[PDB]
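Here's the structure we're looking at; comments come further down.
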Amino acid sequence: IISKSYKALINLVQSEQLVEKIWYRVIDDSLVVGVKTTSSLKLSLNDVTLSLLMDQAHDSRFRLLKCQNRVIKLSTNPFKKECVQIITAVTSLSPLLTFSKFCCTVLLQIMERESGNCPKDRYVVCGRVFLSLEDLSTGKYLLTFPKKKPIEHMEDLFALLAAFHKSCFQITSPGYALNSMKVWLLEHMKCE
Amino acid sequence: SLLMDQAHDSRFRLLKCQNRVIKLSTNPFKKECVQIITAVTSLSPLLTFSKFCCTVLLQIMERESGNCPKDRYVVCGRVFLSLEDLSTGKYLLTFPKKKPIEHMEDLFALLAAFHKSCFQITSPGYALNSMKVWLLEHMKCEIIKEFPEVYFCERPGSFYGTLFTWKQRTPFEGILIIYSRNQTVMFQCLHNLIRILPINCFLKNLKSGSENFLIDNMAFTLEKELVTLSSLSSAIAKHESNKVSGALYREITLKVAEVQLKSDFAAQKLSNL
Amino acid sequence: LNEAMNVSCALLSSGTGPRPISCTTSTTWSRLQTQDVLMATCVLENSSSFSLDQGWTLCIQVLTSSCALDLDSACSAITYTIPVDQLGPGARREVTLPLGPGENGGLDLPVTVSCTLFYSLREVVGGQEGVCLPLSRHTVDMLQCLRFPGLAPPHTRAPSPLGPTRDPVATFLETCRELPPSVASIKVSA
Amino acid sequence: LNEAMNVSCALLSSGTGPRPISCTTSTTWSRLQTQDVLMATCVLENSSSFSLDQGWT
Amino acid sequence: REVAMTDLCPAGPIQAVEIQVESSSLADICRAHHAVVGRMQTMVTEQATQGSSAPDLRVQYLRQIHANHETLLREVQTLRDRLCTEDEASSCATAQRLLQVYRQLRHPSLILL
């Protein structure tokens with residue numbers, strides 16, 4: 001009966017998979033959770049976020065939990081063509097490792113902007129993140145530098161593009177052209 | 001403290017600076033101790049003129065005298081810095097090359113910038129030596145020869161550049177103090193440690209010194225206070241032989257108040273612990 | 001250096017109550033995220049003519065529990081500093097810094113904030129360094145830091161904070177590994 | 001469960017006042033360190049009988 | 001509150017004001033007592049250089065205070081030497097007993113007359 005009535009609860013408030021999947025990465029004292037989207041979900045029309053929600057079974061108290069959200073758009077083999085939109089949350093770790101362990105669950109919230117009715121306030125429950133010192137002691141989600149130079153699980157790239165301090169710039173050389181970039185990048189800086 | 005040059009900083013901001021004393025015994029096996037002070041700070045917001053000069057200010061204040069009488073300052077140098085200077089290392093610590101620590105200023109700059117946590121360990125019915133094996137064999141520790149009670153963990157993935165200190169007083173009841181680059185690393189260690197330790201090994205977090213020293217603190221403040229009150233009554237007990245001067249009673253109660261404030265302080269330390 | 005001498009002279013001498021410059025140290029409760037926290041508003045006041053021009057700095061320093069602990073505390077104290085920059089007559093500024101819980105009600109309470117000022121010429125031109133004037137050395141004791149919600153003016157439903165039942169490290173430790181009221185009093189002559 | 005579903009139904013209804021649970025939010029200036037900051041006090045109030053017990057967030 | 005105490009003074013119990021504090025944590029008592037005692041230091045050194053002095057009894061109760069302090073003091077000294085010697089169970093009941101002494105002493109502290 002109990003089960004029957006939850007499912008009743010869920011058709012009470014209310015098909016197409018609007019989210020790929022959940023994945024999570026540990027950086028240093030930073031939790032980076034992320035998600036791959038689908039073409040269905042239009043970030044043009046839809047302000048979205050992502051929270052983290054702690055299990056009170058573990059957390060006997062109210063510590064508040066804050067999470068920073070990034071939207072990352074990358075073009076895939078540009079030289080239609082696939083863009084990759086990924087959405088990802090960031091927070092502290094030491095506060096969560098209080099019980100040697102914790103199980104957070106993930107919420108992607110969506111809202112429309114066009115309609116001034118606040119009509120379409122959908123969500124998704126986009127999975128659940130189990131973690132512990134037994135897991136971290138064997139790496140598994142960490143990024144520990146140089147051995148993990150050759151980046152081949154792209155979530156590790158996506159973790160670094162979520163965790164890091166982003167800073168955006170224009171360079172204008174108005175009586176030259178500007179090409180030394182690639183040399184400094186490739187030769188001086190030595191970029192793969 | 002640290003003090004910007006306004007000649008640089010047209011602009012007024014704050015500047016926080018976080019202070020620390022570090023006591024390191026030198027070749028314990030009089031005996032030279034090393035007391036060093038330091039402050040610690042954000043670079044990032046300084047650099048906004050590619051360059052800055054800061055003056056250092058060491059203030060000395062007296063505790064014993066409630067007159068605020070002795071308020072000495074020292075002006076103990078001046079710092080220049082620039083991205084050129086950093087571009088060429090020179091000050092920076094960037095890891096594994098600066099494993100063999102042979103400029104003790106770099107050790108101390110570590111011991112300041114790190115998150116520290118102090119811990120008591122007691123294996124009551126059992127001697128404790130597996131510390132020395134977990135440090136030297138499992139954790140892969142280098143003793144700094146200069147200061148041979150300090151251990152540098154060099155195990156090469158996500159414990160790299162974390163520091164310990166180990167006094168084994170009464171080889172049952174030792175004390176371990178962990179400088180780490182964030183707290184997660186602290187948790188990965190305490191976890192990894194408790195797995196290796198005995199079953200009776202009773203950890204305890206220490207805020208504010210070891211329990212032995214806080215008992216000594218309490219014992220000292222109370223023994224002094226009880227002697228001072230016996231002194232009150234003995235001053236009265238010579239006035240009886242020769243009704244008491246309320247001025248005498250006032251005089252002795254101020255000395256007693258000065259000891260009561262200390263017993264109160266030592267007691268807040270013990271009643272928390 | 002003129003303005004310096006005239007000010008230094010005005011402060012230190014005339015051993016009277018009402019001074020030309022002031023550093024008043026108050027305490028507040030403000031509410032963050034979920035916790036309540038202690039603040040020190042230090043309010044600097046210029047009741048004289050002089051105008052602490054430039055190459056003038058303000059060195060506030062917040063000194064904990066004062067005793068010679070064997071091992072160490074992670075933070076002996078803090079100091080802030082601020083350029084004091086034009087600051088003319090009658091003028092003031094207001095600088096709020098926390099004292100408040102260190103992660104888990106972590107508050108040993110004898111605590112002083114001490115203000116100093118600092119002139120140096122080495123700022124503008126030199127030629128033999130700079131100066132430290134003392135100012136207000138106020139201590140905080142428990143009796144300022146206690147708070148009375150039942151008696152309070154509003155009589156509004158404020159939730160009970162109940163300071164954490166354990167240290168994070170302590171809860172962490174226990175997980176990894178598996179009464180009367182105290183009284184004091186005094187008497188004193190009416 | 002029952003209490004939850006009853007509140008949920010109350011919440012999803014447009015009875016023309018958000019009776020069961022409210023959240024008022026509100027704009028404060030404060031001061032930190034040096035700078036005047038903009039703060040949101042977000043106040044959750046239970047007006048109704050229903051106690052939002054454990055399992056809720 | 002006001003408490004007049006006749007076996008302190010020889011003639012006149014001045015109606016001396018008692019200040020009490022009661023709490024769960026002994027640590028908060030330690031801090032608030034530290035505060036009040038410092039504050040009474042300030043007040044009494046402020047009134048000294050102006051104030052005169054009332055007489056005491058000189059007898060019975062100051063000796064009472066001496067005796068009950070001396071017993072505790074010699075007991076603390078025996079305890080300090082035991083902590084120096086380091087036989088077994090170094091310091092648990094030692095601390096639990098020292099805090100009993102502390103609570104004992106706190107209840108009357110500095111009756112200022």
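So you can find residues: chains in the structure tokens are A, B, ... in the order shown, residues in each start at 1, and ligands are numbered from 1 in order.
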
Practice problem: Specify as a VMD selection string all residues of chain A found within 10 Å of chain D, counting only C-alpha atoms. | Solution: chain A and resid 2 5 to 6 8 to 9 12 to 13 53 to 57

Quiz item: What's the 7 Å shell around region 161-168 of chain B, counting only C-alpha atoms, without same-chain residues fewer than 6 positions away, as a ChimeraX atom specification?
Solution: /B:149-154,174-181

Any chance you can output those residues with N, CA and C atoms as a compact mmCIF listing (two decimals), in the first residue's frame?
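See again35.txt below for the written result:
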# COMPACT_ATOMS: atom_id res chain seq x y z
N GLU B 149 62.04 15.60 15.03
CA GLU B 149 60.66 15.27 15.49
C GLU B 149 59.60 15.69 14.45
N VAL B 150 59.98 15.98 13.18
CA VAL B 150 59.08 16.43 12.07
C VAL B 150 59.16 15.42 10.93
N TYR B 151 58.02 15.06 10.33
CA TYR B 151 57.93 14.02 9.28
C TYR B 151 57.20 14.61 8.06
N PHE B 152 57.80 14.44 6.89
CA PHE B 152 57.28 14.91 5.59
C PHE B 152 56.82 13.70 4.79
N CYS B 153 55.51 13.59 4.53
CA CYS B 153 54.91 12.50 3.72
C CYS B 153 55.16 12.77 2.23
N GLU B 154 55.80 11.81 1.55
CA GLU B 154 56.23 11.89 0.13
C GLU B 154 55.52 10.82 -0.71
N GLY B 174 50.65 9.17 23.44
CA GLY B 174 51.34 10.09 22.51
C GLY B 174 50.43 11.18 21.93
N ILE B 175 51.00 12.05 21.08
CA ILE B 175 50.29 13.23 20.51
C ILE B 175 50.76 13.52 19.08
N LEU B 176 49.81 13.61 18.14
CA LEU B 176 50.05 13.74 16.68
C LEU B 176 49.32 14.99 16.15
N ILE B 177 50.03 15.75 15.33
CA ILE B 177 49.66 17.12 14.87
C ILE B 177 49.87 17.20 13.37
N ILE B 178 48.80 17.49 12.63
CA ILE B 178 48.76 17.26 11.16
C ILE B 178 48.55 18.60 10.47
N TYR B 179 49.53 18.99 9.68
CA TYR B 179 49.45 20.12 8.74
C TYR B 179 49.14 19.53 7.36
N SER B 180 48.08 20.00 6.74
CA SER B 180 47.50 19.42 5.51
C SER B 180 47.09 20.56 4.62
N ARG B 181 46.86 20.32 3.33
CA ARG B 181 46.56 21.44 2.39
C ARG B 181 45.05 21.68 2.24

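Here CA of residue 73 (chain E) and CA of residue 39 (chain E) stand 26.7 Å from one another.
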
Quiz item: Taking only C-alpha atoms into account, which residues of chain C are within 9 Å of chain A, as a ChimeraX atom specification?
Solution: /C:33-34,164,168-176

Self-check item: Spatial neighbours of residue 47 (chain D), max dist 12 Å, only C-alpha atoms, sep filter under 6 positions, as a ChimeraX atom specification
Solution: /D:7,17-23

Practice problem: Could you tell me which of C:71, C:59, C:97, C:43 comes closest to chain D if we count only C-alpha atoms? | Solution: C:97

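Rounded to one decimal, CA of residue 24 (chain A) and CA of residue 96 (chain B) lie 27.8 Å from each other.
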
Self-check item: Residue with smallest distance to residue 26 (chain E) - pool C:24, C:187, C:156, C:182, counting only C-alpha atoms
Solution: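 Selected residue with least distance to residue 26 (chain E): C:182.
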
Go through chain D residue by residue and, counting only C-alpha atoms, keep those with an atom at most 8 Å from chain C; for each kept residue give the shortest atom pair and its distance in Å to one decimal, ordered by chain and increasing number, as CSV.
residue,atom,partner,partner_atom,distance
D:31,CA,C:96,CA,6.5
D:32,CA,C:96,CA,5.3
D:33,CA,C:96,CA,4.7
D:34,CA,C:95,CA,5.5

Self-check item: residue 59 (chain B) surroundings by only C-alpha atoms, 9 Å radius, close-in-sequence under 6 positions cut, as an MDAnalysis selection string
Solution: (chainID B and resid 1 71:75) or (chainID C and resid 132)

Practice problem: Mind checking which residues fall within 12 Å of residue 64 (chain B), counting only C-alpha atoms, ignoring those fewer than 3 positions away in the same chain, and posting them as a list in words? | Solution: residues 61, 67, 68, 69, 70, 258, 259, 261 and 262 of chain B; 66 and 67 of chain C

Quick one: residues within 7 Å of residue 266 (chain B), only C-alpha atoms, excluding same-chain residues fewer than 2 positions away - as a CSV table (one decimal) with N, CA and C atoms, in the first residue's frame?
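New file part.csv:
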chain,number,residue,atom,x,y,z
B,214,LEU,N,46.9,21.1,30.8
B,214,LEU,CA,45.7,21.8,31.3
B,214,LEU,C,45.5,21.5,32.8
B,217,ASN,N,48.2,23.5,34.6
B,217,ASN,CA,47.6,24.9,34.6
B,217,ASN,C,46.6,25.1,35.7
B,218,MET,N,45.6,24.2,35.8
B,218,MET,CA,44.5,24.2,36.8
B,218,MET,C,45.1,24.1,38.3
B,262,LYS,N,42.7,33.5,36.8
B,262,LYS,CA,43.6,32.4,36.2
B,262,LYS,C,43.0,31.1,36.4
B,263,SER,N,42.5,30.8,37.6
B,263,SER,CA,41.8,29.4,37.9
B,263,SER,C,40.6,29.3,37.1
B,264,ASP,N,39.8,30.4,36.8
B,264,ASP,CA,38.6,30.5,35.9
B,264,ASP,C,39.0,30.2,34.5
B,268,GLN,N,37.9,26.8,32.3
B,268,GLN,CA,37.1,26.8,31.0
B,268,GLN,C,37.9,25.9,30.0
B,269,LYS,N,39.2,25.8,30.1
B,269,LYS,CA,40.1,24.9,29.3
B,269,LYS,C,39.8,23.4,29.7
B,270,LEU,N,39.7,23.1,31.0
B,270,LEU,CA,39.5,21.8,31.5
B,270,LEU,C,38.0,21.3,31.3

I need the contact residues of chain B against chain C, so if you could list those with any atom within 6 Å, counting only C-alpha atoms, and return them as a PDB file with C-alpha atoms, in the first residue's frame, that would help.
ATOM      1  CA  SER B   1      50.610  42.579  10.700  1.00  0.00           C
ATOM      2  CA  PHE B  12      41.492  51.389   0.272  1.00  0.00           C
ATOM      3  CA  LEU B  14      41.020  45.699   4.091  1.00  0.00           C
ATOM      4  CA  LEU B  15      43.997  43.396   4.493  1.00  0.00           C
ATOM      5  CA  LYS B  16      43.517  40.359   6.699  1.00  0.00           C
ATOM      6  CA  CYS B  17      46.601  38.609   8.131  1.00  0.00           C
ATOM      7  CA  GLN B  18      46.557  35.466  10.233  1.00  0.00           C
ATOM      8  CA  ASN B  19      49.128  34.902  12.879  1.00  0.00           C
ATOM      9  CA  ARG B  20      50.988  31.938  14.267  1.00  0.00           C
ATOM     10  CA  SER B 208      44.036  24.084  23.133  1.00  0.00           C
ATOM     11  CA  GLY B 209      47.050  22.010  24.351  1.00  0.00           C
TER      12      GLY B 209
END
